[PDB]
Amino acid sequence: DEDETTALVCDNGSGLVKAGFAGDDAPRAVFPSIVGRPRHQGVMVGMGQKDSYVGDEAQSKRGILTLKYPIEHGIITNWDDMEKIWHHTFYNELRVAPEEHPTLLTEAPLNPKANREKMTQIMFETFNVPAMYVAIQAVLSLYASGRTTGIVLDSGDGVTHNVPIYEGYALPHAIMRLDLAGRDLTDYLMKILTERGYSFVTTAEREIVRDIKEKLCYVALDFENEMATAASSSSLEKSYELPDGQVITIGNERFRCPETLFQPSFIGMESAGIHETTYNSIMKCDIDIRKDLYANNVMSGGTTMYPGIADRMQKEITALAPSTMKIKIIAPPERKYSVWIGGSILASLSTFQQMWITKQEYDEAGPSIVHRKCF
Amino acid sequence: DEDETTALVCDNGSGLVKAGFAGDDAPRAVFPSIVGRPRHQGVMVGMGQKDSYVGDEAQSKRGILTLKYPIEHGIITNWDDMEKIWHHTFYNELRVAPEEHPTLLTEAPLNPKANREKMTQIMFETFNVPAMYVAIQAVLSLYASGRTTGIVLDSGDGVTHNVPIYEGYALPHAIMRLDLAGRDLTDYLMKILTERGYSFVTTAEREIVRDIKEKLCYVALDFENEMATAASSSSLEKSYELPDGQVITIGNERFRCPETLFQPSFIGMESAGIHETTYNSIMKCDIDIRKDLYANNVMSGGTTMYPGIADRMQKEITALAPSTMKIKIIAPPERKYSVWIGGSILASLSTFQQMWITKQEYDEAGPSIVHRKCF
Amino acid sequence: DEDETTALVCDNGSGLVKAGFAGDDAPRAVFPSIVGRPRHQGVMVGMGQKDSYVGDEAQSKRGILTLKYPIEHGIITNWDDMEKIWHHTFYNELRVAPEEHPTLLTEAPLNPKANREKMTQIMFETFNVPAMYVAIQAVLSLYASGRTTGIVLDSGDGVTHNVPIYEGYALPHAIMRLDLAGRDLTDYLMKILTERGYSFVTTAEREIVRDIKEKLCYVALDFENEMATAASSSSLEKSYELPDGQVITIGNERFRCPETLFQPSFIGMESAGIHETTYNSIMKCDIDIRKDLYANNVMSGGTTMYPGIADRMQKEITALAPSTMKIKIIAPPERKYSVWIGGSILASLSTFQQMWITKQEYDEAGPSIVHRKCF
Amino acid sequence: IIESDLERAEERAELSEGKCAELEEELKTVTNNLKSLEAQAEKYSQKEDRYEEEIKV
Amino acid sequence: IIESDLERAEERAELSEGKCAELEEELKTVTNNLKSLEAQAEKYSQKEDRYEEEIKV
């Protein structure tokens, strides 16, 4: 349907998959990384009804489905379900056949090896894609943001990777990776709202809480002052409409959940928080690198859309940083949608045509080729 | 009236209320958590007759009463009814007025605020108790059980708590509030006994099924082979005498009911069941904690009295658990009464005499004080 | 046990603290350089539970503690934690009060001066030691090894200094300090084990990887050849049992961790390694010194435990070293304990009893006195 | 039909309210940035003077 | 009621669209004021840098 064998770009995370073609500005479609399955016995006959549902089908029919995510903390653990998600992504909504297009997939630099290897195998064996590449999330964010140097703090649904990059090169000894993510904030919000009389323990309830989080929650610039008021007055509560007509209001819980990014102890995690790890990613780099990383804190990934987060991340690191020097945050309206955007940019670069793995080299090496050719 | 100004202890569940004084080894009396009301028009005059009956009065006069439970899955929603149950408990069975004694009440910390706030308020304002203390069910169960470390499985009438404790500390991120309880097991049994030709749909009938469950049911360590035989042979059916002299026999349904705890789909619940929930609470704790919790799964509350339950739980956890390691269950005779026993122990500890809210601090602060003084 | 007022000897690194009485051939007590603190809310009372745990206490109750060490890359950063470690080591384990005994503490010659001042101040002001001396770690390593001449490659947990000594004299212009030690080797392994699917980031997890490193890793005489096989065959994987009964297998990662000693670029360091510094320290020594130091290069401290390191180092130095001359590395049994042993040897010499700072000179001058009195 | 148009009109109210809220959030974000920038433009004009003063001094 | 609710649903489409359009104008206004203040703050940061360069000189 395209006038060129443009690469397909699929930003497959632990949240939603954003997909479209290289050279465009935006994904053609977005899909929950979900395969749904009925938890009930059918009663009426000739009702259609699938054994399993994919993406938005799984979410739309969720009233009686248990919903599973094949990707956890950035890694595919269930590749049969990813084959279904990709079939849907490519043939039902983008309506393209990867057999005629190179495909670009994304991951964090320390994502366990099985992820990129199984992603490579699925696209070469079930879709028979002519070429593959698995790209770095930080690289993709840097292209989207217009930078070659900076800290990419990618606090999304799966993991926070936090990798410093200078002149387009990794500074791997300074990756302050953290097992704290948007999915934990969602789990925390389900629990804290349960305490308000609105229990959220089932799949339908979990999807509702994620929707509540995305629309009602924030981190603010000053937690203690924000809570001093939110805990004292109803003036800071915000309502939300649930699908069945219930109305829930959230007070200080509205920010106490999200605050776990700065205070991980709220969910039992042992961590300094995302701002200290951002600071250390800069500090652990050489002294002649530090000045450029301080001036370029690059925000990407999920959770970047919480009110007060860009302002707060700059405040928290500038407060740890030395005086005289200027410390700055980069947090464009392209935040979180930067990995997909970077995929489009990267896939299309003329210099990247030497990075793509072809369905030639693949057959001689097998999917393990991804560890020889990508990064 | 006592030989010391000992605290009074009352363990108010969604099922039954256990009460006595601190320092004893048993409650003095147990009452159903029930307030009954006549559903018929009086015909005779000078018949006495109360507007409402409580506890054992409510059960003894139940032939024409609707029986309500003031506690909903651990939360008191009707505090006027609990005040009447408590007055009866304190003045008619314990024969001690709270005005001269501190009182200890219990709840899961998972309880959404209103229960501990109202329990504290009732005792301070309607009973004029000189002091109050709302206790943690896991704490109370571990004291009663001889442990400081382990997981409390309190699978009683209301909600399953499943909270892990290490060296006396809570590990709150691993606590999984579970909507699977003894009350649901009763409802399931009412429906499957209906299929057999013995419909149970009214209050009297609900109380009968609960009595049947308590006396005839078991879980079985191997339910599959047990049902293969129980569903095939009358030789495994047990007769129960109904109040009017009629007899009901129950076969595989006897264990089918308790099995719901391991097969929650039987009541429409999206859950892995109590063995996997316990396992996940162990898993969610740090790796140097996990081994101590695997070796110390502690039974408390109700339903833990079913034959085969200690073995059913230990074997299911062992199956989910790693090799080399020994998985063990502690199942003391202080089962179901363990929260009350723990209350007696805790109320009496010298290290807990500073934990009591006095009837001064209460009035200066109001009932919200329970959030600063108890936990 | 001690029946004489002998000097106490105590070596203190970022890893472990070794202590005992001068005149022996071993410390009588060894503790981790760790002070642990609880990171959880207590619920049970009358449970004991400390504010802080030290040494073996810190590790024994670590399931709910965050564990921190006081010494970083050779220096004390937290004097309060060192006082706790020494208080426990001297009074509880060795059962000795330093008030009645002179004490010998150690550091390499380029160690920042604040470290020597703090060691002197703590023992004189919190322990009231009658006398102090701070000795050179290279001096003590040569005494333990039976040498007066040699190069001490102190590849410990914090920092490696590689200090050359000839006829008992310092050759300070040739000390080639290296920012590579056992603590960094642990970090490398945590990242590579993450690539294998096992994330290790929290305190319990960090302790596991350190334990894995110490028990499973080796240098590899030939890195590339060992890797060609280890990367191709599972027969070279060693299985480590994790505290919860789960296991991890480690393949070429088993040697890639210690390989950082020969490849510091693995952790982002601008260095060729411990063999390069061994070579540069000798290279800058006088031309008529070199022959005696090349025939006596000395391993000291830990990381020398690698059953691959003995041949790996002599091969790497021999390759750079001059012809005609005998090139040899001394890898004595007094390894990982050589500084303490040397400390005992120095502390007990009759020729050393005039080297002590007394608790007279100390108070008149203050702790800066160590800078003029020791070396 | 009117109800179907109502649902769509209501949907438009919701979509438009969605946009309204989004713009409001953006308005506030931008306005908050405006305000922090008003503060910065002034602090910066003051720095323009503090620095100019450092130059003069 | 439905026609009235259509009129209201439509009114709400118009009101929320109207208001979101007002917010687009308020947003563009604060965005442009932000850009102005940012440009101003940046011109000052550039002057601060010129002075810093001159301060260093």
# chains A, B, ... in the order shown; residues from 1 in each chain; ligands from 1
$ interface_residues --of "chain A" --to "chain D" --cutoff "10 Å" --atoms "only C-alpha atoms" --output "VMD selection string"
chain A and resid 215 307 to 308 311 333
$ write_last_selection --atoms "N, CA and C atoms" --output "compact mmCIF listing (two decimals), in the first residue's frame"
# COMPACT_ATOMS: atom_id res chain seq x y z
N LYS A 215 -5.61 9.98 33.90
CA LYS A 215 -6.36 11.23 33.87
C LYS A 215 -6.34 12.06 35.18
N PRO A 307 1.44 15.77 35.88
CA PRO A 307 1.68 17.16 36.17
C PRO A 307 2.74 17.30 37.25
N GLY A 308 3.67 18.23 37.03
CA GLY A 308 4.77 18.53 37.93
C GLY A 308 6.02 17.66 37.69
N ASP A 311 9.13 19.59 35.87
CA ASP A 311 9.59 20.68 36.71
C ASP A 311 10.29 20.14 37.93
N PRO A 333 6.57 17.93 24.12
CA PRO A 333 5.24 17.32 24.00
C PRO A 333 5.35 15.96 23.30
$ interface_residues --of "chain A" --to "chain C" --cutoff "9 Å" --atoms "only C-alpha atoms" --output "MDAnalysis selection string"
chainID A and resid 110:114 171:174 177:179 265 268:271 285
$ calpha_fit_and_write --fixed "chain B" --moving "chain C" --output "compact mmCIF listing (two decimals) with C-alpha atoms, in the first residue's frame"
# COMPACT_ATOMS: atom_id res chain seq x y z
CA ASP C 1 -15.42 -13.01 86.24
CA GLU C 2 -12.56 -10.57 86.78
CA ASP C 3 -10.90 -9.21 89.93
CA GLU C 4 -8.67 -6.66 88.19
CA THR C 5 -9.01 -3.74 85.76
CA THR C 6 -7.42 -5.67 82.92
CA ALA C 7 -7.88 -4.79 79.29
CA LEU C 8 -10.89 -6.22 77.56
CA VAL C 9 -10.24 -8.03 74.32
CA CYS C 10 -12.77 -8.45 71.50
CA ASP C 11 -12.34 -9.82 67.94
CA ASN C 12 -15.22 -8.87 65.61
CA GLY C 13 -15.89 -10.40 62.20
CA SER C 14 -18.81 -10.99 59.78
CA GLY C 15 -19.18 -14.40 61.43
CA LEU C 16 -18.81 -14.27 65.23
CA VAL C 17 -17.64 -12.01 68.05
CA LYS C 18 -15.20 -13.40 70.60
CA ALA C 19 -14.63 -11.60 73.87
CA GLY C 20 -13.04 -11.93 77.28
CA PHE C 21 -10.53 -10.46 79.69
CA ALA C 22 -6.88 -9.91 78.81
CA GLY C 23 -4.54 -12.41 80.37
CA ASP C 24 -6.68 -15.49 79.65
CA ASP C 25 -6.17 -18.10 76.86
CA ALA C 26 -9.75 -18.01 75.65
CA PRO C 27 -12.69 -15.60 75.26
CA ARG C 28 -15.15 -16.02 78.07
CA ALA C 29 -18.07 -15.19 75.79
CA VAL C 30 -18.71 -15.88 72.14
CA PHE C 31 -21.70 -14.54 70.25
CA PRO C 32 -22.82 -14.58 66.59
CA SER C 33 -22.38 -11.17 64.92
CA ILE C 34 -26.15 -11.02 64.61
CA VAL C 35 -29.01 -8.70 65.38
CA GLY C 36 -32.42 -10.25 64.71
CA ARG C 37 -35.75 -8.55 64.03
CA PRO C 38 -39.32 -9.93 63.92
CA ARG C 39 -41.02 -10.01 60.52
CA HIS C 40 -44.53 -10.91 61.76
CA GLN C 41 -47.63 -9.24 63.20
CA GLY C 42 -48.26 -10.03 66.86
CA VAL C 43 -51.72 -11.20 67.90
CA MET C 44 -51.36 -12.31 71.53
CA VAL C 45 -50.56 -9.67 74.16
CA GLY C 46 -48.54 -9.82 77.38
CA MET C 47 -46.02 -11.98 75.48
CA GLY C 48 -42.92 -9.90 76.11
CA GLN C 49 -41.22 -9.92 72.64
CA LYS C 50 -38.34 -7.65 71.75
CA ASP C 51 -37.91 -5.05 69.01
CA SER C 52 -34.55 -6.60 68.33
CA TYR C 53 -32.61 -9.64 69.52
CA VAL C 54 -28.84 -9.90 69.80
CA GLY C 55 -26.30 -12.71 69.53
CA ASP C 56 -27.70 -15.87 71.04
CA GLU C 57 -31.07 -14.17 71.46
CA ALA C 58 -31.17 -13.60 67.73
CA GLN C 59 -30.55 -17.23 67.01
CA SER C 60 -32.78 -18.67 69.78
CA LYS C 61 -35.91 -16.84 68.59
CA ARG C 62 -34.93 -16.89 64.87
CA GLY C 63 -37.99 -18.84 63.74
CA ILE C 64 -39.77 -15.49 63.10
CA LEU C 65 -36.80 -13.12 62.82
CA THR C 66 -34.81 -11.87 59.89
CA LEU C 67 -31.15 -12.09 60.83
CA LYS C 68 -28.58 -9.49 59.78
CA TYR C 69 -24.91 -8.98 60.55
CA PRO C 70 -23.05 -5.55 60.90
CA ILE C 71 -19.69 -6.48 59.32
CA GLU C 72 -19.07 -6.97 55.58
CA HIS C 73 -15.84 -8.31 54.07
CA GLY C 74 -13.87 -6.96 57.01
CA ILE C 75 -15.67 -3.66 57.79
CA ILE C 76 -18.34 -2.33 60.06
CA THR C 77 -21.30 -1.06 58.03
CA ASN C 78 -23.72 -0.94 60.96
CA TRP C 79 -22.20 0.65 64.07
CA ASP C 80 -25.52 0.52 65.93
CA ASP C 81 -25.66 -3.23 65.71
CA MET C 82 -22.03 -3.48 66.86
CA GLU C 83 -22.90 -1.38 69.89
CA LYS C 84 -25.75 -3.83 70.72
CA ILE C 85 -23.46 -6.82 70.33
CA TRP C 86 -20.78 -5.31 72.54
CA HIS C 87 -23.30 -4.05 75.04
CA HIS C 88 -24.73 -7.52 75.45
CA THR C 89 -21.37 -9.25 75.34
CA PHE C 90 -19.72 -6.96 77.86
CA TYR C 91 -22.54 -6.15 80.28
CA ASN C 92 -24.77 -9.23 80.20
CA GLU C 93 -22.38 -12.11 79.55
CA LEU C 94 -18.94 -10.96 80.74
CA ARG C 95 -20.61 -8.74 83.37
CA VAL C 96 -18.15 -5.93 82.80
CA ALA C 97 -18.53 -2.23 82.26
CA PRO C 98 -15.74 -1.03 79.78
CA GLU C 99 -15.81 2.34 81.55
CA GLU C 100 -13.36 0.80 84.07
CA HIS C 101 -11.25 -1.20 81.51
CA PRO C 102 -9.03 -0.38 78.40
CA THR C 103 -10.34 -2.20 75.28
CA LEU C 104 -8.50 -3.92 72.43
CA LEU C 105 -10.24 -4.32 69.05
CA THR C 106 -8.78 -5.90 65.89
CA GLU C 107 -8.41 -5.65 62.05
CA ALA C 108 -5.92 -6.73 59.29
CA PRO C 109 -3.62 -3.79 57.99
CA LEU C 110 -5.50 -3.21 54.67
CA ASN C 111 -8.87 -3.02 56.32
CA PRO C 112 -10.49 0.31 55.16
CA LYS C 113 -9.77 3.02 57.73
CA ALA C 114 -13.42 3.70 58.51
CA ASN C 115 -13.46 0.41 60.41
CA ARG C 116 -10.75 1.47 62.85
CA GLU C 117 -12.38 4.85 63.35
CA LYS C 118 -15.77 3.25 64.14
CA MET C 119 -14.28 0.73 66.55
CA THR C 120 -12.55 3.60 68.37
CA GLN C 121 -15.61 5.87 68.38
CA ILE C 122 -18.11 3.35 69.66
CA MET C 123 -16.01 2.29 72.58
CA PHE C 124 -15.12 5.88 73.56
CA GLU C 125 -18.55 7.47 73.10
CA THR C 126 -21.17 4.81 73.94
CA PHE C 127 -19.12 2.71 76.40
CA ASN C 128 -16.88 5.49 77.80
CA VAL C 129 -13.85 3.21 77.69
CA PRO C 130 -10.82 4.95 79.37
CA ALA C 131 -8.55 3.74 76.58
CA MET C 132 -8.41 2.12 73.13
CA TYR C 133 -6.17 0.30 70.77
CA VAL C 134 -6.74 -1.29 67.40
CA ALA C 135 -4.37 -4.15 66.68
CA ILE C 136 -3.44 -5.95 63.57
CA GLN C 137 -5.09 -9.39 63.19
CA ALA C 138 -1.85 -10.84 61.75
CA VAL C 139 0.03 -9.56 64.84
CA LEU C 140 -2.36 -11.24 67.12
CA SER C 141 -2.40 -14.45 65.12
CA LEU C 142 1.39 -14.69 65.36
CA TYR C 143 1.35 -14.07 69.11
CA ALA C 144 -1.24 -16.85 69.57
CA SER C 145 0.81 -19.22 67.42
CA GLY C 146 4.11 -18.57 69.20
CA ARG C 147 5.65 -16.75 66.20
CA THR C 148 7.22 -13.35 65.37
CA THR C 149 7.75 -14.44 61.85
CA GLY C 150 5.22 -16.03 59.55
CA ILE C 151 2.40 -15.38 57.11
CA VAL C 152 -1.06 -15.10 58.46
CA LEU C 153 -3.71 -16.58 56.22
CA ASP C 154 -6.84 -15.31 57.96
CA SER C 155 -9.44 -17.33 56.09
CA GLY C 156 -12.39 -16.02 58.07
CA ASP C 157 -16.07 -15.35 57.21
CA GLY C 158 -15.66 -11.94 55.49
CA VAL C 159 -12.29 -11.45 53.78
CA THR C 160 -8.89 -13.20 53.62
CA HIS C 161 -5.86 -10.79 53.76
CA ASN C 162 -2.85 -13.15 53.97
CA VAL C 163 -0.48 -10.76 55.75
CA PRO C 164 3.33 -11.54 55.95
CA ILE C 165 5.32 -10.39 59.05
CA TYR C 166 9.12 -10.81 59.62
CA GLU C 167 10.79 -10.24 63.05
CA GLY C 168 7.64 -8.46 64.11
CA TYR C 169 7.69 -6.06 61.13
CA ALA C 170 5.08 -5.47 58.45
CA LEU C 171 5.83 -6.28 54.86
CA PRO C 172 2.75 -4.33 53.57
CA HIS C 173 3.70 -4.30 49.92
CA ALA C 174 3.18 -8.03 49.92
CA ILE C 175 -0.33 -8.18 51.39
CA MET C 176 -2.43 -10.02 48.80
CA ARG C 177 -6.05 -9.28 49.77
CA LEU C 178 -8.52 -11.90 48.56
CA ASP C 179 -12.27 -11.61 47.96
CA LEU C 180 -13.02 -15.11 49.21
CA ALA C 181 -14.20 -16.12 52.64
CA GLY C 182 -16.48 -18.47 54.62
CA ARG C 183 -19.62 -16.42 53.81
CA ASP C 184 -19.06 -17.07 50.07
CA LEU C 185 -18.39 -20.72 50.67
CA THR C 186 -21.88 -20.87 52.33
CA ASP C 187 -23.42 -19.28 49.22
CA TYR C 188 -21.74 -21.84 46.95
CA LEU C 189 -23.14 -24.63 49.06
CA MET C 190 -26.67 -23.14 49.00
CA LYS C 191 -26.60 -23.19 45.17
CA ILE C 192 -25.22 -26.74 44.87
CA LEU C 193 -27.72 -28.02 47.48
CA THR C 194 -30.47 -26.42 45.33
CA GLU C 195 -29.20 -28.62 42.44
CA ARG C 196 -29.73 -31.64 44.80
CA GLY C 197 -33.38 -30.57 45.40
CA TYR C 198 -33.07 -28.58 48.65
CA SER C 199 -33.65 -24.84 48.28
CA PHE C 200 -32.22 -22.72 51.10
CA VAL C 201 -32.97 -18.99 50.71
CA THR C 202 -34.67 -17.53 53.88
CA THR C 203 -32.94 -16.72 57.16
CA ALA C 204 -33.65 -20.04 58.86
CA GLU C 205 -32.52 -21.83 55.73
CA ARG C 206 -29.35 -19.74 55.32
CA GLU C 207 -28.41 -20.56 58.96
CA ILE C 208 -28.92 -24.26 58.25
CA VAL C 209 -26.57 -24.27 55.31
CA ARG C 210 -23.95 -22.37 57.28
CA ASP C 211 -24.29 -25.03 60.04
CA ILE C 212 -24.05 -27.84 57.45
CA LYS C 213 -20.90 -26.37 56.03
CA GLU C 214 -19.21 -26.07 59.41
CA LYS C 215 -20.03 -29.65 60.46
CA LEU C 216 -19.99 -31.69 57.20
CA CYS C 217 -17.45 -30.15 54.85
CA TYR C 218 -13.75 -30.84 54.33
CA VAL C 219 -11.30 -29.64 51.70
CA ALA C 220 -10.15 -32.98 50.12
CA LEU C 221 -6.39 -33.64 49.82
CA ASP C 222 -6.94 -34.61 46.16
CA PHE C 223 -10.00 -32.89 44.72
CA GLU C 224 -10.32 -34.90 41.53
CA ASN C 225 -9.70 -38.25 43.17
CA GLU C 226 -12.04 -37.50 46.06
CA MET C 227 -14.70 -36.42 43.51
CA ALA C 228 -14.18 -39.44 41.32
CA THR C 229 -15.17 -41.55 44.32
CA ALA C 230 -17.72 -39.17 45.93
CA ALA C 231 -19.52 -38.74 42.61
CA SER C 232 -19.67 -42.54 42.14
CA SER C 233 -20.49 -43.82 45.64
CA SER C 234 -23.12 -43.06 48.25
CA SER C 235 -20.74 -44.37 50.92
CA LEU C 236 -19.13 -40.92 50.95
CA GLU C 237 -22.38 -39.04 51.65
CA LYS C 238 -22.88 -37.55 55.07
CA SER C 239 -26.36 -37.17 56.48
CA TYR C 240 -27.29 -33.89 58.15
CA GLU C 241 -30.45 -33.64 60.18
CA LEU C 242 -32.48 -30.54 59.45
CA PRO C 243 -34.26 -28.69 62.36
CA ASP C 244 -37.67 -30.09 61.44
CA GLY C 245 -36.62 -33.77 61.50
CA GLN C 246 -36.05 -34.04 57.75
CA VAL C 247 -32.63 -34.93 56.43
CA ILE C 248 -30.32 -33.90 53.63
CA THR C 249 -27.46 -36.00 52.36
CA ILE C 250 -24.42 -34.34 50.86
CA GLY C 251 -21.90 -36.16 48.58
CA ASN C 252 -19.16 -34.51 46.55
CA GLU C 253 -20.81 -31.20 47.43
CA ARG C 254 -19.33 -31.88 50.87
CA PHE C 255 -15.92 -30.90 49.52
CA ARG C 256 -16.85 -28.77 46.51
CA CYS C 257 -17.92 -26.02 48.93
CA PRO C 258 -14.38 -25.58 50.55
CA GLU C 259 -12.81 -26.39 47.16
CA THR C 260 -13.71 -22.79 46.26
CA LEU C 261 -10.66 -21.92 48.46
CA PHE C 262 -8.58 -23.65 45.75
CA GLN C 263 -11.09 -22.79 42.99
CA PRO C 264 -12.58 -19.20 43.55
CA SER C 265 -13.95 -19.43 40.00
CA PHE C 266 -16.70 -21.52 41.68
CA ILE C 267 -18.21 -18.26 42.97
CA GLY C 268 -17.18 -16.14 39.95
CA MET C 269 -13.93 -14.79 41.45
CA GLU C 270 -10.88 -14.04 39.34
CA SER C 271 -8.47 -15.91 41.57
CA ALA C 272 -6.77 -19.25 42.00
CA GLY C 273 -7.33 -19.34 45.78
CA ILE C 274 -5.94 -19.10 49.28
CA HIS C 275 -2.85 -21.10 48.36
CA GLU C 276 -2.17 -18.70 45.51
CA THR C 277 -2.30 -15.69 47.77
CA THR C 278 -0.21 -17.60 50.36
CA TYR C 279 2.35 -18.01 47.60
CA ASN C 280 2.14 -14.48 46.23
CA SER C 281 2.53 -12.78 49.64
CA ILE C 282 5.71 -14.72 50.25
CA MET C 283 6.89 -14.33 46.64
CA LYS C 284 6.94 -10.53 47.03
CA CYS C 285 8.84 -10.60 50.34
CA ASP C 286 12.60 -9.98 50.41
CA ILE C 287 14.72 -12.86 49.17
CA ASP C 288 16.32 -13.14 52.67
CA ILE C 289 12.88 -13.20 54.36
CA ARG C 290 11.33 -15.95 52.26
CA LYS C 291 13.12 -18.85 53.90
CA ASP C 292 11.68 -18.03 57.32
CA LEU C 293 8.21 -17.32 56.07
CA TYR C 294 8.09 -20.55 53.94
CA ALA C 295 8.97 -22.66 56.94
CA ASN C 296 6.28 -20.79 58.95
CA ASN C 297 3.16 -20.20 56.86
CA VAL C 298 0.38 -19.73 59.44
CA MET C 299 -3.28 -20.67 59.41
CA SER C 300 -5.51 -18.30 61.34
CA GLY C 301 -9.17 -17.60 61.71
CA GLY C 302 -11.80 -20.17 60.71
CA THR C 303 -12.27 -22.41 57.57
CA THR C 304 -8.91 -23.86 58.77
CA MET C 305 -11.07 -26.38 60.61
CA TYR C 306 -11.29 -28.54 57.49
CA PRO C 307 -9.55 -31.86 58.31
CA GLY C 308 -8.63 -31.82 54.62
CA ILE C 309 -7.17 -28.32 54.65
CA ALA C 310 -4.04 -29.16 56.68
CA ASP C 311 -2.59 -31.43 54.03
CA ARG C 312 -4.27 -29.71 51.11
CA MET C 313 -2.54 -26.42 51.87
CA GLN C 314 0.91 -27.74 52.55
CA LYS C 315 0.76 -29.77 49.31
CA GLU C 316 -0.40 -26.72 47.29
CA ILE C 317 2.25 -24.40 48.69
CA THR C 318 5.06 -27.00 48.55
CA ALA C 319 4.22 -27.47 44.85
CA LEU C 320 4.89 -23.74 44.15
CA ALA C 321 7.61 -23.23 46.78
CA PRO C 322 11.46 -23.45 46.21
CA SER C 323 13.53 -26.63 46.60
CA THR C 324 16.26 -27.11 49.33
CA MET C 325 14.22 -24.96 51.71
CA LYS C 326 11.91 -26.50 54.28
CA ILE C 327 8.33 -25.67 53.43
CA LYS C 328 5.84 -25.89 56.28
CA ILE C 329 2.35 -24.83 57.40
CA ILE C 330 1.55 -24.17 61.00
CA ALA C 331 -2.04 -25.18 61.81
CA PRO C 332 -2.22 -24.52 65.58
CA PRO C 333 -5.09 -25.45 67.99
CA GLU C 334 -5.42 -21.71 68.59
CA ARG C 335 -7.32 -21.70 65.31
CA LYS C 336 -10.69 -19.97 64.90
CA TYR C 337 -9.68 -18.29 68.18
CA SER C 338 -6.11 -17.09 67.40
CA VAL C 339 -6.90 -13.45 67.06
CA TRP C 340 -8.66 -13.27 70.43
CA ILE C 341 -5.81 -15.22 72.05
CA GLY C 342 -3.23 -13.01 70.45
CA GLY C 343 -5.29 -10.04 71.65
CA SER C 344 -5.00 -11.29 75.23
CA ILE C 345 -1.26 -11.76 74.77
CA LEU C 346 -0.81 -8.24 73.38
CA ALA C 347 -3.22 -6.53 75.76
CA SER C 348 -1.50 -8.02 78.80
CA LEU C 349 2.13 -7.17 77.78
CA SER C 350 3.89 -4.58 79.95
CA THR C 351 5.41 -3.26 76.72
CA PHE C 352 1.93 -2.56 75.40
CA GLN C 353 0.72 -0.30 78.16
CA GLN C 354 2.21 2.74 76.48
CA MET C 355 0.35 1.93 73.22
CA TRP C 356 -3.10 3.01 74.40
CA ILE C 357 -5.15 5.95 73.10
CA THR C 358 -6.49 7.56 76.24
CA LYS C 359 -9.95 9.07 76.68
CA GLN C 360 -8.37 12.49 76.63
CA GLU C 361 -6.42 12.22 73.43
CA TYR C 362 -9.55 10.77 71.87
CA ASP C 363 -11.83 13.66 72.67
CA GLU C 364 -9.29 16.31 71.77
CA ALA C 365 -8.69 14.74 68.31
CA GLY C 366 -11.82 12.65 67.56
CA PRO C 367 -11.81 8.99 66.22
CA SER C 368 -9.52 9.77 63.29
CA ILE C 369 -6.79 9.64 65.97
CA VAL C 370 -6.66 5.86 65.73
CA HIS C 371 -5.06 6.30 62.30
CA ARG C 372 -2.05 8.02 63.88
CA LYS C 373 -1.88 6.21 67.23
CA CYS C 374 -2.23 2.50 66.43
CA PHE C 375 -0.27 1.63 63.24
$ interface_residues --of "chain D" --to "chain E" --cutoff "8 Å" --atoms "only C-alpha atoms" --output "ChimeraX atom specification"
/D:2-3,5-7,9-14,16-17,19-21,23-24,26-27,30-31,33-34,37-38,40-42,44-45,47-48,51-52,54-55
$ select_by_dssp --residues "segment 30-213 of chain B" --states "strand (DSSP E)" --output "ChimeraX atom specification"
/B:30-32,35-38,53-54,65-68,71-72,75-76,103-107,131-136,150-153,163-166,169-170
$ calpha_fit_rmsd --fixed "chain E" --moving "chain D"
1.7 Å
